[PDB]
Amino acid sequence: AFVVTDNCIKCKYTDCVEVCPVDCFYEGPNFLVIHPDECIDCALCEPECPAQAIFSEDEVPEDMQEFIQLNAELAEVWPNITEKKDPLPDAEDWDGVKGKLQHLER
């Protein structure tokens, strides 16, 4: 699996969904997640994210390890997203701010 990590939150550009061949992104109000059993590890989403928030599971930084289980959990509960949409309004303001997990909305 690939995994969405902290910098997506309050950015949610949604560029990643457009290259996914298996439609395995699931949508929250201010974040996306990857369903790990559906993901085929094609790696195509990784370079598309402007937030650079996506990592191979085995490359998730130590300080963002909690995101691996969090993607698995939220992928079960959130609706599928398969089309690009506008980024969140103040995305540029939040891109690169750390610790945005505190702002995650269910």
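So that there is no doubt, residue numbering starts at 1 and follows the sequence shown.
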Between 85 to 93 and 19 to 27, which has the larger average Cα B-factor in the PDB entry?
85 to 93
For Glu46, the third of its chain into which the C-alpha B factor falls
lowest
Please rank the C-alpha B-factors of the chain's modelled residues and tell me whether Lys100 sits in the lowest, middle or highest third.
middle
Sorting the chain's modelled residues by C-alpha B-factor, tell me whether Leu74 ends up in the lowest, middle or highest third.
middle
